[PDB]
2 protein chains.
Amino acid sequence: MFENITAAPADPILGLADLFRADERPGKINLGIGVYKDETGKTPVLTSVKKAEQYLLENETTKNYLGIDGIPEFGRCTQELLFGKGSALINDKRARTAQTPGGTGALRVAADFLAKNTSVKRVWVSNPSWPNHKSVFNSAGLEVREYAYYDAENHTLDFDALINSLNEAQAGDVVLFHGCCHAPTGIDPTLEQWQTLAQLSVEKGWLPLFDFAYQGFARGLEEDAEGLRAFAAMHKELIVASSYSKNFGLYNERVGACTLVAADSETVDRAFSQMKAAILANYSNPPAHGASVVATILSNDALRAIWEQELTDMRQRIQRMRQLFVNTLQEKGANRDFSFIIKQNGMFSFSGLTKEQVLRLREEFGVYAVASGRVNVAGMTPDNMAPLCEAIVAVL
Amino acid sequence: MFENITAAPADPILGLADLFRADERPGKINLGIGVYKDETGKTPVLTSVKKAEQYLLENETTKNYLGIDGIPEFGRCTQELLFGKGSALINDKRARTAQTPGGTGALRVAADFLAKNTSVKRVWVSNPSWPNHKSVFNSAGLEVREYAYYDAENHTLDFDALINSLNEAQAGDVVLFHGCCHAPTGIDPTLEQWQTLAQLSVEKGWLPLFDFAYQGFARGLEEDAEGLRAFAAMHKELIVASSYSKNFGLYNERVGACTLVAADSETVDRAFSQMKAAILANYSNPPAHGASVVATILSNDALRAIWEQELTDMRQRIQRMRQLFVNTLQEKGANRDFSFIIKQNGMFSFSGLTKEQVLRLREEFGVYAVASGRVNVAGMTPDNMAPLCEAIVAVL
Ligand SMILES: *Cc1c(COP(=O)(O)O)cnc(C)c1O
Ligand SMILES: *Cc1c(COP(=O)(O)O)cnc(C)c1O
């Protein structure tokens, strides 16, 4: 039966990686990475998760299955991170959390739950958004539509085009929002814009689905949850898919969570039972290890203190590389106005480079970036900054 | 939107567990467990996986994402376990393995791949089979049909009814087989019956899907792969979903594998690229920890020796409890012919008890079993055997 099966295309980032490893040039730089790197170009395992793992190794007596929704403490901890410690949502028990295999797993169980149990047929995603949002919802049988977001010219959130396009969504459609550090632009709504968006949302009957994968990378943990909290104070119902891959450096342990919120506990438990049915029809119950590590760190004052400090160090290194980039470009001299890079949040930004400019950056200089000009700032170190900027000036 | 969502029913085994924990009686026994227990009623983490985990903790430098299909060594090792070390399938490179979140995850990516990429519309599953086979295939949009398997009266594989029912399957239908230790009956095809089944299968054009979750529990690792190997020698194409949850005691780490086989390497790579597309649309890439442990044990002579011995100890404890059961029933005296228990493989068997008999076993004696009379032999210890058999004799 697999005789006339057509091949799936190569997925871009692991397309560039092969081209990069197959490059003999000495000062080659890969900016199309999708992961965080430190000054040495490594993606280390954090000291707090190493300490949490030594603890688990000494204390685990069984590898018996977790419940469908994973481990209770993990659920408690992501709800408090998401909604704040004294949240009404938590005290009225309007929210339930299922531990999933990463943020993508959270998005897929949400998609299956929605397609099986409600009448949602379309999901609105931003233009641009990073990337397999489409196949996750389309495999579940949901149509994905795009709303406008970025203004190429100004390197800004084109808010008018955003609400204008979003007004074609009907009541009962899902609208996907990035909680903070919008991938790939790094442009986030201001708190007032989040509030007007929340108000518009209830009036139109949109079901909000928040994709939260970079909490802690823009300003700080509570600050980054602010927009979601603007929506949760307004909405009877919402779904948030969060990831711990980037802020805990636990990429390959597949730790994420899907939180359901609705008007009261009675409807959260009934809706959640069907989300659990969706999980058993997929992977049955979630991988314990990455989640055990997150629950151990977040419930322990000492370990959490070390992790929070490790997260601000990541945030601050990203903020410094964004400054150093704009300044070394300024200094290497050409016609800069990369000042917008200073103003965007997270690891990603559109550099403003054309497809042909990234193409000769690769061929002539060994600087690797994706064809859209998207750049991961964590690929920049103080050491490679000046050859990087030299290359960019030479292709402008 | 979650306002008129109906609740999903309680899933039976975690229905009994609540009833069991809520039972105040001293000598209560739970035989409806689904997991292995040792003499002390514990599901321990094996010494070899503890040793492998200490190694990983000392040696891991990154938690960066694994590839879509997981870690290469894991793939190499399950293919050699499945097909034998000098298999033609391996040397002609006709098989590709993706590491998945457990055996259920393997079944679901197979289901999605099949429904998205081929014309299979129905999957034939045995009557009985254990349990959510149906929802995994039905969520993917595949129809599930049943073929006859067990003979209630004789406590045997009713082979005639099996091939007779299976002859309504059309060419291009998938037929699901349990590789060894058929859950829930413990009745397996004899090697000759596997061979006649393999021959019939190619002639009819069935696509075989093997569910292999108990390798090592019936007779030994190679011996249990024998039937699959009868089919692989006959077939150009097949899929095998295997689990390491039970034979490595790694239940909650979600380690399994989905192996694709087709006529040559060129079609395995094209078919496999679409299986990888199915994975990214679901959880993106697999949890490293459980699989790292399995790859570390299987590639290391010392650690593998310890694990193999730990697996035969599990196998042998199950074999002893099956003997002790038949004998203590014989000895407690009533009208036995539970001799078939000695002849079935794995942790499960149908005791032959009626729904009302299991109901009063629970109410009057605190012995908990599922309504079908299915019993997990690993719930029996030399200590609880005589109260167990006493209870069964009293309800006969
Ligand atoms: C990283 C990311 C995800 C996926 O998180 P995983 O845990 O790696 O699956 C989802 N959405 C966005 C926007 C992300 O950046
Ligand atoms: C245990 C089992 C599975 C599932 O294995 P997991 O790794 O726990 O998901 C699938 N099929 C059968 C017959 C099983 O016994």
Side-chain angles (χ1 to χ4, degrees), chain A residues 34-36 63-66 100-108 125-126 128-133 136 176-184 209-215 217 241-248 250-257 280 282-287 290 346-348 376, chain B residues 34-36 63-66 100-108 125-126 128-133 136 176-184 209-215 217 241-248 250-257 280 282-287 290 346-348 376:
Chain A
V35 134
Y36 172 82
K63 294 292 191 175
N64 189 206
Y65 299 107
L66 303 172
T100 50
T104 306
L107 286 171
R108 219 264 156 79
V125 150
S126 56
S129 189
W130 222 36
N132 54 265
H133 271 139
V136 172
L176 191 306
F177 292 100
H178 290 232
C180 68
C181 299
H182 181 101
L209 210 186
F210 268 87
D211 185 357
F212 215 175
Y214 295 105
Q215 192 180 176
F217 280 93
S242 53
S243 171
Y244 289 104
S245 303
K246 292 105 186 203
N247 57 185
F248 269 86
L250 285 172
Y251 309 95
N252 73 16
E253 290 302 1
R254 312 313 292 132
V255 42
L280 235 85
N282 190 348
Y283 50 88
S284 202
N285 44 73
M347 309 187 296
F348 301 107
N376 180 333
Chain B
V35 134
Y36 172 82
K63 294 292 191 175
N64 189 206
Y65 299 107
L66 303 172
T100 50
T104 306
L107 286 171
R108 219 264 156 79
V125 150
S126 56
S129 189
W130 222 36
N132 54 265
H133 271 139
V136 172
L176 191 306
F177 292 100
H178 290 232
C180 68
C181 299
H182 181 101
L209 210 186
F210 268 87
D211 185 357
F212 215 175
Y214 295 105
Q215 192 180 176
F217 280 93
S242 53
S243 171
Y244 289 104
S245 303
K246 292 105 186 203
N247 57 185
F248 269 86
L250 285 172
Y251 309 95
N252 73 16
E253 290 302 1
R254 312 313 292 132
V255 42
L280 235 85
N282 190 348
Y283 50 88
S284 202
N285 44 73
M347 309 187 296
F348 301 107
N376 180 333

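Remember, it's 1-based here, ligands and their atoms both numbered in the order they're listed. Numbers restart at 1 for each chain; the letters A, B, ... are given by sequence-line order, proteins then strands. Excluded from the calculations below are hydrogen atoms, water molecules and symmetry mates; all remaining heavy atoms, backbone and side chain alike, are included.
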* Parallel, tilted or perpendicular: which describes the rings of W130(A) and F348(A), with under 30° parallel and over 60° perpendicular? -> tilted
CZ of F212(A) to OH of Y244(A), rounded to nearest 0.5 Å, is 10.0 Å
For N282(A), the side-chain hydrogen bond (donor to acceptor under 3.5 Å, both in side chains) test, sequence neighbours excluded, returns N282(B)
Applying side chain to side chain contact (heavy atoms under 4.5 Å, CB included) to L280(A) and not counting sequence neighbours gives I68(A), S284(A), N132(B)
Per the under 4.0 Å non-hydrogen criterion, ligand 2 touches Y65(A), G102(B), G103(B), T104(B), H178(B), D211(B), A213(B), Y214(B), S243(B), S245(B), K246(B), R254(B)
Value for OH (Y283(B)) from CG (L107(A)), rounded to nearest 0.5 Å, stands at 15.5 Å
Across all chains, not counting sequence neighbours, the side chain to side chain contact (heavy atoms under 4.5 Å, CB included) partners of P131(A) are none
